[PDB]
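In the structure tokens that follow, a single protein chain appears in two forms: structure 1, then structure 2.
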Structure 1
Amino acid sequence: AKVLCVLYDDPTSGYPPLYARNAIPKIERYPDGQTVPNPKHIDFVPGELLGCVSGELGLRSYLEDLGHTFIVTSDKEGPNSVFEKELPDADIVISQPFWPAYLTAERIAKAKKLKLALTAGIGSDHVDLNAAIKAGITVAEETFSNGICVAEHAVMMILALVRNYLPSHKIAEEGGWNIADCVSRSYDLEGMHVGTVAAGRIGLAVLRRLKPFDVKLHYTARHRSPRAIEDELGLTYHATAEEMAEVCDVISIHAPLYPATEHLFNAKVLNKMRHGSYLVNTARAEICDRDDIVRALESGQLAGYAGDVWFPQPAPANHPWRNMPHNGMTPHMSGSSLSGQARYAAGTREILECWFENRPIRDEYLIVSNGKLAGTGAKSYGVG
């Protein structure tokens, strides 16, 4: 088979990078009991940079020894990119959400050999799922592989916004002190009302991390969580995002992107919050209305916004989220921490081993299978 794999470019300083440490923690299970990936072998040391062109997700020896061809590129934009030129006869396509090879309906039609669209990471919305369903393509991802990474990044951003960390660090760097300027917009998180959109794998991980900050917790969901979870954490449930928006000082988004969540957080919802609220989005950018977020920050309706997700990806140099007021953005990096990469690279290999050996891909990894939403896709996504 031909495996076509799109990864981001190597570090500016070169590959490999100079690693700050020589090992990372050993993770065996996710909080819900799911085991970390179980490929037969891995051809990397956990902690290595795997998600860039030279890193290759550690897959080359494995694929070529079986007689498959493995094409790796970062060049993914337009009909003249390496990606689109190599697409028509690729059996399998792999890319990461951080540098996504979009499989639009038009591209799927051109992909005459495509049978498996494999996300390296979590979130397969860069694939047109309706088109994949119609084309009979399997869509899968490494569920939970980098979910805790996102949960940490989200809680970090909540804190940085509320406490006014980023402008205060700039003052330290620039030679200032200026305590009054630092703290004129600095609040404690303690006692605020904080809500998550969804309490899935990441949403629940965030709620658990927020609990000892002594905030009052809220959430919305497609499907309400068990009573035991609500009792454990002291959750207040809301039937809609609008309802939650009315009562929360901070909201963090943790739902997947699909038609029913597209532009969920637009002006109508933003305006339901109390002036000077905070919004963190480490889910997907288009869950928010891009320009309404800017407008909310310019008016102070939002006191701050932060996230690592953008649309499109990569974000153009002039994307308005870069320099809008009171933002805490990063490029899309959370799930690509070196710790996270170890797990999703291992899961990518695990899935390929199953696929090539005619064994099932884990149900929890499935998004689309045999012409319908399947596995986690059937539980978490919609196509309406």
Structure 2
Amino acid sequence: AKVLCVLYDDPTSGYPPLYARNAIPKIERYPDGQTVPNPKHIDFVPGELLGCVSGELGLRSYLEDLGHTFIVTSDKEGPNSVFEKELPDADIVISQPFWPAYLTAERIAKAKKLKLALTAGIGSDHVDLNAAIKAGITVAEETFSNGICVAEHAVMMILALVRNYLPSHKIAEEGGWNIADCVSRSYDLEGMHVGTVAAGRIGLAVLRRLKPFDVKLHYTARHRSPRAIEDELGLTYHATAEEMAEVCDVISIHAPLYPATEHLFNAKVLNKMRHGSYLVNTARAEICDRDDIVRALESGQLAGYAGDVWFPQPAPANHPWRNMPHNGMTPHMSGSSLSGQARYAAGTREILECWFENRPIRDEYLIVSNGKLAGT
């Protein structure tokens, strides 16, 4: 078989990087009881950089030993790209949401040999599921593999914004002291009203991490959570984001992108919030209106914004979110911590082992299979 795999570029200083440590924690299960991936073997030490071109998701020896062709590239843009040229006879396509090889209806149509579209990481935002259903192909993901990573990144961003960390660090490194400058925008999180948009796997992990900070917790969701969860965390439920925005000091977005959430956080919703509120978005950038976020930070309607997701990705050098006031942005990275990579690379291999051996792929990994959609 031919496996066509798109990954991001190597580190600037070359591969492999100099690792800070030589081992990472062994995670056994996720908070809902789902087990971590269980491939028969892995050809990497967890902690290694796997998601770039030279890292190869740790798959090359495994695939090539079985006789498979493994093409790894970062060149995925346009019809003259390495990806699009190799696509017509690829049996399997693999990519990460951090550097995604889009499977549009048009590309699926010319992928004449395609049977498996495998996300390394979570979700399938870059794949046209309607086209996949009709083409009869399988679309799979390593469910939950980096959800905790994203949750941690979100809470880290919330604390950094509210406490004024980033400008204060700059003062330390630049030779200043200036206590009054540092604390002029520094608040405690304690006692604030904090809400999540959605309480799925990631949203719930965020809510649990926020609880001992003694905030008042809120959420909105299309499908309300069970009473037992709400009682556990002391959650207040809102039917809409607009209702939640009126009462929250901090909102963290953890919802998928679809028509009801596209440009959900525009000027209308932002202006429902109290002047000086905070917004964190580690979900999808298009859930916010890009320019409305700029204007809110320039006016002070938002005291701060942070996230790791951008519209156009990669963010062009001129993206306005880079230097808008009071931001805590990073490039798209949360789900690609070395810890997260170890799990999703292990799961990518687990799924390939099942596929090549004609054994069922875990039901929880399947997004579409043989003309059938798991969700909506």
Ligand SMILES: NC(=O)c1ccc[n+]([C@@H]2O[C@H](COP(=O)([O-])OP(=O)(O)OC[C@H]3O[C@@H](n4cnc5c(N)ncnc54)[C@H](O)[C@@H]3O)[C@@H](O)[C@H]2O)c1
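Quick note, the numbers are simply positions in structure 1, starting from 1. Just so we're on the same page, rigid core means the largest C-alpha set that superposes within 1.5 Å between forms.
For the form solved in complex with nicotinamide-adenine-dinucleotide (NAD), the corresponding chain is the one labelled structure 1. With the two forms fitted on their core, the C-alpha shifts between the two structures stay under 2 Å for all of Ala132, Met273, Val162, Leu204 except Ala132. For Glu106, the Cα coordinates differ by 2 angstroms or more between the two structures after the core has been superposed. Shown in the overlay between the two structures, fitted on the rigid core, is a CA shift at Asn318 smaller than 2 Å. Core-superposed comparison between the two structures: the Cα of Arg224 travels less than 2 Å. Core superposition places the Cα of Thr348 1.2 Å apart between the two structures. The Cα position of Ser334 changes by 0.6 Å between the two structures once both are aligned on the rigid core.
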